[PDB]
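**Q** Pasting a structure here, questions to come.
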Amino acid sequence: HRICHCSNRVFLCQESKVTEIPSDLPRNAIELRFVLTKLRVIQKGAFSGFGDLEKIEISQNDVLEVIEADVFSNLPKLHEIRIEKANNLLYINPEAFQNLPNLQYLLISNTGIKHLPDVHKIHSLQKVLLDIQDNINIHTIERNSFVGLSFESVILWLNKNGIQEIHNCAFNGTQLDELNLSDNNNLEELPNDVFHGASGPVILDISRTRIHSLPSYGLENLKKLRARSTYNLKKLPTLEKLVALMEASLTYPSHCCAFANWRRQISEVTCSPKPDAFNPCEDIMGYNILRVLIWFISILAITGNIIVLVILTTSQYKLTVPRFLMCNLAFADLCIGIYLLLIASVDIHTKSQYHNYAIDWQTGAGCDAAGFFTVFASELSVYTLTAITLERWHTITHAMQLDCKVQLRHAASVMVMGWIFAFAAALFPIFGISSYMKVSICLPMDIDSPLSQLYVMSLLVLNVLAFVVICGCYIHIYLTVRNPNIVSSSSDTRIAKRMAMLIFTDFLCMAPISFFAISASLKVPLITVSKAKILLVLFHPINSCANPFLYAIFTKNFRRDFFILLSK
């Protein structure tokens, strides 16, 4: 052919020279392919007479705008139809497709058509697989849209569509085998009578959709259900309706745990993701000993922080920069203890029934608040420890200047900046950067998205760098203090001892947790979720609880101040 290459009865028309369908193409051609054609409008009945045609492929039809009626008319052997890259194709003739008994595959992608093509006249005898995707212009599905597509079972691949609403009885009169509606961001709800008059679907794929709830009827024949990333699907229909449901791919491990409990009751379905120790359905704490110790630890931490703050504020002596740092550390410890007490209360309230309230707790504002509070407390404590270590190092190594030219105003400004940074970090999970609902302890373990993983890695790196800097400063201060060439003061020795104790406690509390978090972030979890929860419950608040006794209570001045206050 002059305009299209011919080989084994296959015509491959390409280039811009193809402004219209050539009428000279042999009627016996088996496959016709149009790539990067300049055709704007497809003439009606263009493919008429192509009895031997088996497959039709249209791609890169940027200039294509309209398809005339009866184009795909009276094709006995036409089994596969492919349309792609037809961005300008906004209008499709309703009667374009008709009389296709042997139709088996119909792929339409990258099309600007705002309405689904009318395939009622297809009347395909064999199974027809519909593959409609990248149809942003399509927003609604009319009733009986797929009616008359084919007599046998048909698979409707409608993923990557802009469908926002679905009318009742949309699939009525259709033998839906598998449905692929995933990637429908605008899909918010599905009518109950959507499947009325239809068969199946056997397999449903609603992953990455905003469907609030599934239809209460028509799912009896659903064998497989896919709802990955379907956050809006907080609650699913009763297991009784899904009798045929054999496999499930949801996005809420709590729902899978509830189904497992129902399976045990039935005994007295492969559902993923399976429950795990990160989000237990029995109890958040799990171990009775850990739950009992948690309340005591939280109470002790809160009492110690309150006592330290009261003593520091009521002290008659002048409030030094170290006093402000100790007050900030006590406030951070009190916040951590409050978060721990809230977690313990939540665990105790739902004892033996966490599974029922697991969804509410994880999705509730309480979990987000607890996670934000824990993150803010940890950031504030780290910043305060780093600032105290830096001030001590400047005072010791720069004995010429009291604190390397440091005053109360500078310390207050540094504390304010650290508090602002901690608040910003704690607000990140609330702003969609990762999520605290991924764990029952409200920890921001969500790293599925690149942004959340990057934020977690950055936080871990910052914590590690701060710890390393603090350790180096402490080592330098200790070396300087013991140097015989420098006459270290007794107050300097006491400050060094207190700083060493605080640094040792912080390192003991943080190093294991930091290492575990780093390992987990790299997709190499070296510890189970149950062990990690216990470690975070015990080690993390242990440092905060020991901070008062290590820093202030052990100090002679603090003891004297407490004794004076007690005399009042």
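Following the order of the structure tokens, first chain is A, next is B, and so on, with residues numbered from 1 inside each chain and ligands from 1 in the order they appear.
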Show which residues sit within 9 Å of residue 50 (chain A), as a VMD selection string. Count only C-alpha atoms, and ignore same-chain residues fewer than 3 positions away.
**A** chain A and resid 26 to 30 47 53 to 54 74 to 78
**Q** Identify, on the basis of only C-alpha atoms, every residue whose closest approach to residue 190 (chain A) does not exceed 7 Å; exclude the query and any residue fewer than 4 positions from it along the same chain; express the result as a compact mmCIF listing (two decimals) with N, CA, C and O atoms, in the first residue's frame.
**A**
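Wrote out-v5.txt, looks like this:
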# COMPACT_ATOMS: atom_id res chain seq x y z
N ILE A 166 -22.17 7.04 40.80
CA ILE A 166 -22.69 5.91 40.05
C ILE A 166 -24.20 5.84 40.25
O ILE A 166 -24.68 5.92 41.39
N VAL A 194 -26.87 -0.37 43.08
CA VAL A 194 -25.94 -0.30 41.95
C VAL A 194 -25.89 -1.64 41.23
O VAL A 194 -25.92 -1.70 39.99
N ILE A 211 -14.71 5.59 48.66
CA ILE A 211 -15.99 4.96 48.96
C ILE A 211 -16.16 4.87 50.47
O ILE A 211 -15.38 4.20 51.16
N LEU A 214 -19.74 0.14 51.37
CA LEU A 214 -20.11 -0.70 50.24
C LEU A 214 -21.62 -0.94 50.22
O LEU A 214 -22.30 -0.79 51.24
N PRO A 215 -22.18 -1.30 49.06
CA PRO A 215 -23.61 -1.60 49.00
C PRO A 215 -23.99 -2.74 49.95
O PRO A 215 -23.23 -3.69 50.15
**Q** Output as a PyMOL selection string all residues of region 147-350 of chain A that backbone DSSP marks as strand (DSSP E).
**A** chain A and resi 154-157+165-166+176-180+203-205+224-226+247-249+270-272
**Q** Save the residues we just selected, N, CA, C and O atoms, as an mmCIF file, in the first residue's frame?
**A**
data_model
loop_
_atom_site.group_PDB
_atom_site.id
_atom_site.type_symbol
_atom_site.label_atom_id
_atom_site.label_comp_id
_atom_site.auth_asym_id
_atom_site.auth_seq_id
_atom_site.Cartn_x
_atom_site.Cartn_y
_atom_site.Cartn_z
ATOM 1 N N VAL A 154 -18.505 -10.759 31.394
ATOM 2 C CA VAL A 154 -17.682 -9.655 30.918
ATOM 3 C C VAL A 154 -16.930 -9.062 32.101
ATOM 4 O O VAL A 154 -17.476 -8.949 33.203
ATOM 5 N N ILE A 155 -15.674 -8.688 31.868
ATOM 6 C CA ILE A 155 -14.830 -8.059 32.878
ATOM 7 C C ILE A 155 -14.729 -6.579 32.537
ATOM 8 O O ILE A 155 -14.305 -6.216 31.432
ATOM 9 N N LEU A 156 -15.113 -5.729 33.483
ATOM 10 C CA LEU A 156 -15.162 -4.282 33.287
ATOM 11 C C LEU A 156 -13.994 -3.656 34.046
ATOM 12 O O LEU A 156 -14.047 -3.476 35.264
ATOM 13 N N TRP A 157 -12.934 -3.325 33.312
ATOM 14 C CA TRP A 157 -11.779 -2.640 33.884
ATOM 15 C C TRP A 157 -11.983 -1.137 33.740
ATOM 16 O O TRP A 157 -11.643 -0.553 32.707
ATOM 17 N N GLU A 165 -19.722 9.670 40.689
ATOM 18 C CA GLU A 165 -20.965 9.101 41.186
ATOM 19 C C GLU A 165 -21.421 7.995 40.247
ATOM 20 O O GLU A 165 -21.102 7.998 39.055
ATOM 21 N N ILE A 166 -22.175 7.045 40.798
ATOM 22 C CA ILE A 166 -22.691 5.905 40.050
ATOM 23 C C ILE A 166 -24.198 5.843 40.255
ATOM 24 O O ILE A 166 -24.679 5.919 41.391
ATOM 25 N N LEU A 176 -21.336 -9.445 35.275
ATOM 26 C CA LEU A 176 -20.047 -8.899 35.687
ATOM 27 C C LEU A 176 -19.214 -9.993 36.343
ATOM 28 O O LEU A 176 -19.591 -10.530 37.390
ATOM 29 N N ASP A 177 -18.079 -10.328 35.726
ATOM 30 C CA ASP A 177 -17.170 -11.308 36.310
ATOM 31 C C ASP A 177 -16.211 -10.643 37.292
ATOM 32 O O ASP A 177 -16.141 -11.024 38.466
ATOM 33 N N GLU A 178 -15.465 -9.644 36.824
ATOM 34 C CA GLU A 178 -14.538 -8.892 37.657
ATOM 35 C C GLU A 178 -14.701 -7.407 37.371
ATOM 36 O O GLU A 178 -14.910 -7.006 36.223
ATOM 37 N N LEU A 179 -14.603 -6.595 38.423
ATOM 38 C CA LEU A 179 -14.746 -5.147 38.320
ATOM 39 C C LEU A 179 -13.484 -4.493 38.859
ATOM 40 O O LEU A 179 -13.042 -4.815 39.967
ATOM 41 N N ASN A 180 -12.912 -3.578 38.081
ATOM 42 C CA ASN A 180 -11.694 -2.858 38.450
ATOM 43 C C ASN A 180 -12.011 -1.366 38.435
ATOM 44 O O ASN A 180 -11.808 -0.685 37.428
ATOM 45 N N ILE A 203 -15.164 -10.547 41.415
ATOM 46 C CA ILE A 203 -13.978 -9.890 41.949
ATOM 47 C C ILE A 203 -14.186 -8.385 41.862
ATOM 48 O O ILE A 203 -14.554 -7.863 40.803
ATOM 49 N N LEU A 204 -13.955 -7.692 42.976
ATOM 50 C CA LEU A 204 -14.114 -6.246 43.054
ATOM 51 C C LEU A 204 -12.785 -5.620 43.449
ATOM 52 O O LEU A 204 -12.115 -6.106 44.366
ATOM 53 N N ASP A 205 -12.410 -4.544 42.758
ATOM 54 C CA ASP A 205 -11.155 -3.828 43.002
ATOM 55 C C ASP A 205 -11.490 -2.348 43.165
ATOM 56 O O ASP A 205 -11.599 -1.615 42.179
ATOM 57 N N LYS A 224 -13.714 -12.152 45.586
ATOM 58 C CA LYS A 224 -12.505 -11.431 45.959
ATOM 59 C C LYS A 224 -12.816 -9.946 46.042
ATOM 60 O O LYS A 224 -13.524 -9.409 45.184
ATOM 61 N N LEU A 225 -12.290 -9.288 47.073
ATOM 62 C CA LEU A 225 -12.487 -7.859 47.277
ATOM 63 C C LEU A 225 -11.137 -7.196 47.495
ATOM 64 O O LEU A 225 -10.348 -7.646 48.332
ATOM 65 N N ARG A 226 -10.878 -6.128 46.746
ATOM 66 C CA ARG A 226 -9.651 -5.349 46.868
ATOM 67 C C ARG A 226 -10.022 -3.919 47.232
ATOM 68 O O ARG A 226 -10.775 -3.264 46.504
ATOM 69 N N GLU A 247 -11.321 -14.253 49.522
ATOM 70 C CA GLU A 247 -10.093 -13.499 49.724
ATOM 71 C C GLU A 247 -10.430 -12.018 49.805
ATOM 72 O O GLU A 247 -11.343 -11.544 49.123
ATOM 73 N N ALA A 248 -9.690 -11.293 50.640
ATOM 74 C CA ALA A 248 -9.920 -9.871 50.846
ATOM 75 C C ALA A 248 -8.587 -9.150 50.958
ATOM 76 O O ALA A 248 -7.639 -9.666 51.555
ATOM 77 N N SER A 249 -8.521 -7.948 50.374
ATOM 78 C CA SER A 249 -7.338 -7.086 50.436
ATOM 79 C C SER A 249 -7.811 -5.702 50.875
ATOM 80 O O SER A 249 -8.093 -4.834 50.047
ATOM 81 N N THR A 270 -8.847 -15.642 53.265
ATOM 82 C CA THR A 270 -7.527 -15.017 53.200
ATOM 83 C C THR A 270 -7.716 -13.508 53.109
ATOM 84 O O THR A 270 -7.860 -12.939 52.026
ATOM 85 N N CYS A 271 -7.711 -12.851 54.265
ATOM 86 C CA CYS A 271 -7.888 -11.409 54.363
ATOM 87 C C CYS A 271 -6.567 -10.765 54.755
ATOM 88 O O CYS A 271 -5.928 -11.190 55.723
ATOM 89 N N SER A 272 -6.163 -9.742 54.004
ATOM 90 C CA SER A 272 -4.925 -9.026 54.258
ATOM 91 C C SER A 272 -5.180 -7.523 54.295
ATOM 92 O O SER A 272 -6.129 -7.036 53.669
#
**Q** Give me, as a list in words, all polymer residues having an atom no more than 12 Å from residue 508 (chain A), counting only C-alpha atoms and skipping those fewer than 5 positions away in the same chain.
**A**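 My reading of the contact set: residues 467, 501, 502, 503, 513, 514, 515, 535, 538, 539, 540, 541, 542, 543, 544 and 546 of chain A.
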**Q** At a cut-off of 6 Å, using only C-alpha atoms, what residues contact region 112-127 of chain A? Leave out same-chain residues fewer than 6 positions from it and give the result as a PyMOL selection string.
**A** chain A and resi 87-91+94+98-104+137-138+147-154
**Q** Would you export the selected residues with C-alpha atoms as a short mmCIF file (atom, residue, chain, number, x, y, z; two decimals), in the first residue's frame, please?
**A**
data_model
loop_
_atom_site.label_atom_id
_atom_site.label_comp_id
_atom_site.auth_asym_id
_atom_site.auth_seq_id
_atom_site.Cartn_x
_atom_site.Cartn_y
_atom_site.Cartn_z
CA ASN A 87 -6.64 12.94 23.92
CA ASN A 88 -8.69 15.10 21.53
CA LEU A 89 -11.40 12.43 21.15
CA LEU A 90 -14.26 14.14 23.01
CA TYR A 91 -17.30 12.86 21.05
CA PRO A 94 -23.52 6.05 20.31
CA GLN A 98 -22.62 -2.76 16.95
CA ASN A 99 -22.83 -6.31 15.60
CA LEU A 100 -19.62 -7.72 17.13
CA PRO A 101 -20.41 -11.34 18.05
CA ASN A 102 -16.73 -12.28 18.35
CA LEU A 103 -15.67 -9.18 20.31
CA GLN A 104 -13.44 -10.19 23.23
CA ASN A 137 -13.60 13.31 31.34
CA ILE A 138 -15.94 10.50 32.46
CA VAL A 147 -26.48 -3.68 29.39
CA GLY A 148 -26.29 -5.54 26.09
CA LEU A 149 -22.48 -5.53 25.91
CA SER A 150 -22.25 -9.33 25.71
CA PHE A 151 -24.33 -12.40 26.52
CA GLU A 152 -21.58 -14.19 28.46
CA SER A 153 -19.51 -12.95 31.40
CA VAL A 154 -17.68 -9.65 30.92
#
**Q** Using only C-alpha atoms, can you tell me which of A:32, A:393, A:22, A:69 comes closest to residue 8 (chain A)?
**A** A:32
**Q** From the options A:169, A:332, A:294, A:479, which residue's atoms come nearest to residue 198 (chain A), counting only C-alpha atoms?
**A**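 Closest residue, counting only C-alpha atoms: A:169.
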